Amino acid sequence: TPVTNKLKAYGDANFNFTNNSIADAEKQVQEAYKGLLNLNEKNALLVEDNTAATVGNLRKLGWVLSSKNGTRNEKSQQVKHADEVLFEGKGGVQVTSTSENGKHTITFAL
Amino acid sequence: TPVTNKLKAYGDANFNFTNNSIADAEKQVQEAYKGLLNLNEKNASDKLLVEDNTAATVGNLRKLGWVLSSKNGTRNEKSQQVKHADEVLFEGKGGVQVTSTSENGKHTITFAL
Amino acid sequence: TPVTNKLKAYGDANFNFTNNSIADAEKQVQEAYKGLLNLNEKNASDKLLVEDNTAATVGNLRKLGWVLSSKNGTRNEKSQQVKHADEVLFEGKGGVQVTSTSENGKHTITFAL
């Protein structure tokens, strides 16, 4: 049948400040985190560990990729499941990569 | 209890190109994505084959990941999959310095000469 | 929905060292791996401890991630844990330029100078 849980995404209404950490409070109000799952929330942990995850939950997993160039402020984007990050080396930066048993190395050199 | 769902991986033979977007088609045919979970598969109706309120399985977790690529100048992208518990090492040599810092889930990789 | 499974985290007790892989071993102590889900732990029958067709939990989701490492030439690796909703910044300074563009979830980070 249907399986559901009460996990919210950052950016959703009814976020409870006293129920979360300051880190999550900061994510709640940032655009870059909007729509990523809020996995933490604490009455002491609201959605218990032993709660079924849903496929909709998986669609909301990710991390935030940012780039800074000098003083210029950070630009941020979400890396969700099956998104791609390309590291591209132009002149005169050489970017090479190896991959052994789940360990991926991106090398940078002149 | 044996919990299952109908989620496929990219590269699976019976993915239907007609019913899905160009973005998904592009992932479906790349070896780089092969075996990653296909979360965004649609039917004729342009609705998701597997609805949000479906049990996720441990098998599903084993197919989560993102694609990591490097491209030098004009040459074509070399790609790998970063799956759960994989490691990505950014290494500086040959005149390039790479350093890192971490604080409260905020990680920084810094590149210098 | 109340649900459980037998998945443990790297760093947890009762890890059968001789029945598991070298990599898992290589991971179960490294601090950067601690608390990350041990997805592929084997049992005494030399099969996966938790089969593919088992419900995943929110507790599992809280343990998903990957390891981000850096190496400055000769020095040792510095490693840190990247979990869901962590941020990773790529910063360029004297005098590497690090710029980024994104389109349809493909993110390009470009290194110049």
# chains A, B, ... in the order shown; residues from 1 in each chain; ligands from 1

$ residues_around --residues "residue 71 (chain A)" --least-positions-apart "6" --cutoff "12 Å" --atoms "only C-alpha atoms" --output "PyMOL selection string"
chain C and resi 91-93+97-98

$ write_last_selection --atoms "N, CA, C and O atoms" --output "compact mmCIF listing (two decimals), in the first residue's frame"
# COMPACT_ATOMS: atom_id res chain seq x y z
N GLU C 91 37.09 26.67 -3.83
CA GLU C 91 37.58 28.04 -3.74
C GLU C 91 38.89 28.15 -4.49
O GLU C 91 39.79 27.33 -4.32
N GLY C 92 39.01 29.17 -5.33
CA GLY C 92 40.26 29.43 -6.02
C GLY C 92 40.94 30.65 -5.45
O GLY C 92 40.29 31.68 -5.21
N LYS C 93 42.25 30.55 -5.21
CA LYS C 93 43.05 31.71 -4.82
C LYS C 93 44.44 31.69 -5.48
O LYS C 93 44.83 30.70 -6.10
N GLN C 97 41.87 30.31 -10.92
CA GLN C 97 40.51 30.81 -11.00
C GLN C 97 39.55 29.62 -11.01
O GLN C 97 39.70 28.71 -11.81
N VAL C 98 38.59 29.64 -10.09
CA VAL C 98 37.59 28.58 -9.98
C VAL C 98 36.21 29.16 -10.19
O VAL C 98 35.67 29.85 -9.32

$ interface_residues --of "chain C" --to "chain A" --cutoff "9 Å" --atoms "only C-alpha atoms" --output "mmCIF file with N, CA, C and O atoms, in the first residue's frame"
data_model
loop_
_atom_site.group_PDB
_atom_site.id
_atom_site.type_symbol
_atom_site.label_atom_id
_atom_site.label_comp_id
_atom_site.auth_asym_id
_atom_site.auth_seq_id
_atom_site.Cartn_x
_atom_site.Cartn_y
_atom_site.Cartn_z
ATOM 1 N N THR C 1 5.214 5.024 9.424
ATOM 2 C CA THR C 1 5.362 3.580 9.392
ATOM 3 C C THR C 1 6.573 3.081 10.162
ATOM 4 O O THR C 1 7.712 3.366 9.784
ATOM 5 N N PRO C 2 6.333 2.339 11.258
ATOM 6 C CA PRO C 2 7.382 1.700 12.062
ATOM 7 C C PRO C 2 8.098 0.598 11.283
ATOM 8 O O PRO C 2 7.454 -0.349 10.834
ATOM 9 N N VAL C 3 9.415 0.722 11.133
ATOM 10 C CA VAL C 3 10.180 -0.168 10.268
ATOM 11 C C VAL C 3 11.616 -0.241 10.754
ATOM 12 O O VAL C 3 12.166 0.751 11.221
ATOM 13 N N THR C 4 12.224 -1.415 10.641
ATOM 14 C CA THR C 4 13.614 -1.589 11.042
ATOM 15 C C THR C 4 14.383 -2.499 10.084
ATOM 16 O O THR C 4 13.793 -3.286 9.347
ATOM 17 N N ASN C 5 15.704 -2.368 10.092
ATOM 18 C CA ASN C 5 16.576 -3.334 9.436
ATOM 19 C C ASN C 5 17.915 -3.467 10.166
ATOM 20 O O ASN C 5 18.150 -2.787 11.165
ATOM 21 N N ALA C 23 38.279 -3.418 1.746
ATOM 22 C CA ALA C 23 37.835 -2.024 1.704
ATOM 23 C C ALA C 23 36.998 -1.676 2.941
ATOM 24 O O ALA C 23 37.204 -0.637 3.586
ATOM 25 N N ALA C 55 12.891 -2.967 3.336
ATOM 26 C CA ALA C 55 12.555 -1.557 3.506
ATOM 27 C C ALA C 55 13.736 -0.756 4.054
ATOM 28 O O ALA C 55 14.449 -1.214 4.956
ATOM 29 N N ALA C 56 13.947 0.424 3.479
ATOM 30 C CA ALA C 56 14.910 1.394 3.997
ATOM 31 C C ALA C 56 14.253 2.268 5.077
ATOM 32 O O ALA C 56 13.045 2.476 5.070
ATOM 33 N N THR C 57 15.057 2.790 5.992
ATOM 34 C CA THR C 57 14.543 3.621 7.069
ATOM 35 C C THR C 57 15.099 5.039 6.983
ATOM 36 O O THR C 57 16.104 5.301 6.310
ATOM 37 N N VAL C 58 14.454 5.948 7.697
ATOM 38 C CA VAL C 58 14.930 7.330 7.780
ATOM 39 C C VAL C 58 16.262 7.386 8.511
ATOM 40 O O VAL C 58 17.140 8.179 8.173
ATOM 41 N N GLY C 59 16.412 6.500 9.490
ATOM 42 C CA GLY C 59 17.692 6.281 10.134
ATOM 43 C C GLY C 59 18.774 5.926 9.130
ATOM 44 O O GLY C 59 19.910 6.382 9.248
ATOM 45 N N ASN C 60 18.445 5.105 8.137
ATOM 46 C CA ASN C 60 19.402 4.839 7.068
ATOM 47 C C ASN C 60 19.763 6.094 6.278
ATOM 48 O O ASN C 60 20.928 6.306 5.958
ATOM 49 N N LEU C 61 18.746 6.882 5.918
ATOM 50 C CA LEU C 61 18.937 8.087 5.116
ATOM 51 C C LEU C 61 19.875 9.055 5.803
ATOM 52 O O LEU C 61 20.673 9.700 5.145
ATOM 53 N N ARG C 62 19.749 9.144 7.127
ATOM 54 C CA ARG C 62 20.619 9.977 7.977
ATOM 55 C C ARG C 62 22.073 9.538 7.980
ATOM 56 O O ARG C 62 22.937 10.265 8.455
ATOM 57 N N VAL C 82 30.924 13.907 3.972
ATOM 58 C CA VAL C 82 29.876 14.703 3.351
ATOM 59 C C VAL C 82 28.538 13.960 3.417
ATOM 60 O O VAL C 82 28.340 12.976 2.709
ATOM 61 N N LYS C 83 27.623 14.447 4.254
ATOM 62 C CA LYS C 83 26.304 13.848 4.372
ATOM 63 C C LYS C 83 25.240 14.652 3.623
ATOM 64 O O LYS C 83 25.547 15.672 3.017
ATOM 65 N N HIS C 84 24.006 14.159 3.646
ATOM 66 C CA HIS C 84 22.889 14.839 2.997
ATOM 67 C C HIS C 84 22.800 16.261 3.545
ATOM 68 O O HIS C 84 22.937 16.475 4.741
ATOM 69 N N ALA C 85 22.597 17.207 2.645
ATOM 70 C CA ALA C 85 22.473 18.623 2.967
ATOM 71 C C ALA C 85 23.762 19.274 3.482
ATOM 72 O O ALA C 85 23.738 20.410 3.943
ATOM 73 N N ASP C 86 24.896 18.582 3.393
ATOM 74 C CA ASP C 86 26.176 19.276 3.596
ATOM 75 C C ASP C 86 26.461 20.198 2.416
ATOM 76 O O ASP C 86 25.824 20.081 1.371
ATOM 77 N N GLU C 87 27.382 21.139 2.606
ATOM 78 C CA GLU C 87 27.815 22.026 1.535
ATOM 79 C C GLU C 87 29.309 21.818 1.281
ATOM 80 O O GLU C 87 30.081 21.649 2.216
ATOM 81 N N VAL C 88 29.705 21.807 0.014
ATOM 82 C CA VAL C 88 31.116 21.717 -0.347
ATOM 83 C C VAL C 88 31.456 22.902 -1.219
ATOM 84 O O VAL C 88 30.914 23.060 -2.300
ATOM 85 N N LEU C 89 32.372 23.731 -0.749
ATOM 86 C CA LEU C 89 32.775 24.914 -1.493
ATOM 87 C C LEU C 89 34.093 24.642 -2.223
ATOM 88 O O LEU C 89 35.008 24.104 -1.629
ATOM 89 N N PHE C 90 34.171 24.978 -3.514
ATOM 90 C CA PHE C 90 35.447 24.960 -4.232
ATOM 91 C C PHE C 90 35.956 26.372 -4.444
ATOM 92 O O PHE C 90 35.349 27.155 -5.153
ATOM 93 N N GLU C 91 37.091 26.673 -3.834
ATOM 94 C CA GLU C 91 37.578 28.040 -3.744
ATOM 95 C C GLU C 91 38.891 28.153 -4.492
ATOM 96 O O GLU C 91 39.785 27.326 -4.316
ATOM 97 N N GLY C 92 39.007 29.171 -5.329
ATOM 98 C CA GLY C 92 40.255 29.430 -6.022
ATOM 99 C C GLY C 92 40.943 30.654 -5.449
ATOM 100 O O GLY C 92 40.292 31.677 -5.209
ATOM 101 N N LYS C 93 42.247 30.545 -5.211
ATOM 102 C CA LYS C 93 43.050 31.706 -4.824
ATOM 103 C C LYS C 93 44.439 31.688 -5.479
ATOM 104 O O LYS C 93 44.832 30.698 -6.095
ATOM 105 N N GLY C 94 45.164 32.794 -5.330
ATOM 106 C CA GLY C 94 46.495 32.990 -5.891
ATOM 107 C C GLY C 94 47.278 31.807 -6.443
ATOM 108 O O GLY C 94 48.043 31.138 -5.729
ATOM 109 N N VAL C 96 44.746 30.501 -8.932
ATOM 110 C CA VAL C 96 43.860 29.650 -9.704
ATOM 111 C C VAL C 96 42.496 30.310 -9.750
ATOM 112 O O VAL C 96 42.019 30.838 -8.747
ATOM 113 N N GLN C 97 41.868 30.307 -10.919
ATOM 114 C CA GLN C 97 40.506 30.807 -10.996
ATOM 115 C C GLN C 97 39.547 29.623 -11.008
ATOM 116 O O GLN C 97 39.696 28.711 -11.814
ATOM 117 N N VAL C 98 38.590 29.636 -10.086
ATOM 118 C CA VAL C 98 37.590 28.579 -9.984
ATOM 119 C C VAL C 98 36.208 29.162 -10.193
ATOM 120 O O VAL C 98 35.671 29.847 -9.322
ATOM 121 N N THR C 99 35.636 28.885 -11.355
ATOM 122 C CA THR C 99 34.315 29.381 -11.705
ATOM 123 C C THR C 99 33.395 28.198 -11.995
ATOM 124 O O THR C 99 33.867 27.104 -12.302
ATOM 125 N N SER C 100 32.087 28.419 -11.910
ATOM 126 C CA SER C 100 31.124 27.339 -12.077
ATOM 127 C C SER C 100 29.894 27.742 -12.893
ATOM 128 O O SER C 100 29.432 28.879 -12.824
ATOM 129 N N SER C 102 25.963 25.820 -14.318
ATOM 130 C CA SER C 102 25.061 24.693 -14.137
ATOM 131 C C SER C 102 23.930 24.722 -15.157
ATOM 132 O O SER C 102 23.458 25.788 -15.546
ATOM 133 N N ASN C 104 20.529 21.960 -16.050
ATOM 134 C CA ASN C 104 19.837 20.681 -15.916
ATOM 135 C C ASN C 104 20.516 19.697 -14.964
ATOM 136 O O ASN C 104 20.535 18.488 -15.224
ATOM 137 N N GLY C 105 21.084 20.202 -13.875
ATOM 138 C CA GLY C 105 21.709 19.332 -12.891
ATOM 139 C C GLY C 105 23.087 18.810 -13.283
ATOM 140 O O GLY C 105 23.641 17.919 -12.629
ATOM 141 N N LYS C 106 23.633 19.355 -14.366
ATOM 142 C CA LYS C 106 25.020 19.114 -14.725
ATOM 143 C C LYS C 106 25.779 20.353 -14.326
ATOM 144 O O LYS C 106 25.500 21.434 -14.827
ATOM 145 N N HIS C 107 26.738 20.193 -13.423
ATOM 146 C CA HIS C 107 27.447 21.328 -12.879
ATOM 147 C C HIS C 107 28.894 21.282 -13.281
ATOM 148 O O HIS C 107 29.604 20.316 -13.016
ATOM 149 N N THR C 108 29.335 22.348 -13.922
ATOM 150 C CA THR C 108 30.699 22.405 -14.401
ATOM 151 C C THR C 108 31.508 23.359 -13.540
ATOM 152 O O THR C 108 31.103 24.492 -13.313
ATOM 153 N N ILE C 109 32.633 22.876 -13.031
ATOM 154 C CA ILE C 109 33.540 23.717 -12.273
ATOM 155 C C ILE C 109 34.834 23.815 -13.061
ATOM 156 O O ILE C 109 35.499 22.805 -13.339
ATOM 157 N N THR C 110 35.187 25.041 -13.427
ATOM 158 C CA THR C 110 36.291 25.262 -14.343
ATOM 159 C C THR C 110 37.512 25.850 -13.654
ATOM 160 O O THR C 110 37.404 26.799 -12.882
ATOM 161 N N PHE C 111 38.673 25.263 -13.930
ATOM 162 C CA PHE C 111 39.914 25.696 -13.307
ATOM 163 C C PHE C 111 40.873 26.299 -14.322
ATOM 164 O O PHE C 111 41.332 25.613 -15.240
ATOM 165 N N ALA C 112 41.172 27.585 -14.145
ATOM 166 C CA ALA C 112 42.055 28.310 -15.057
ATOM 167 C C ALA C 112 43.247 28.940 -14.341
ATOM 168 O O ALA C 112 43.331 28.918 -13.109
ATOM 169 N N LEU C 113 44.156 29.508 -15.133
ATOM 170 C CA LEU C 113 45.342 30.199 -14.626
ATOM 171 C C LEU C 113 46.298 29.231 -13.938
ATOM 172 O O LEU C 113 47.140 28.609 -14.590
#

$ closest_residue --among "B:80, B:28, B:70, B:43" --to "chain C" --atoms "only C-alpha atoms"
B:70

$ select_by_dssp --residues "region 45-93 of chain B" --states "strand (DSSP E)" --output "list in words"
residues 65, 66, 67, 68, 69, 70, 71, 72, 78, 79, 80, 81, 82, 83, 87, 88, 89, 90, 91 and 92 of chain B

$ atom_distance --atom1 "CA of residue 42 (chain A)" --atom2 "CA of residue 103 (chain B)"
21.1 Å

$ residues_around --residues "residue 12 (chain A)" --least-positions-apart "6" --cutoff "9 Å" --atoms "only C-alpha atoms" --output "list in words"
residues 28, 34 and 35 of chain A
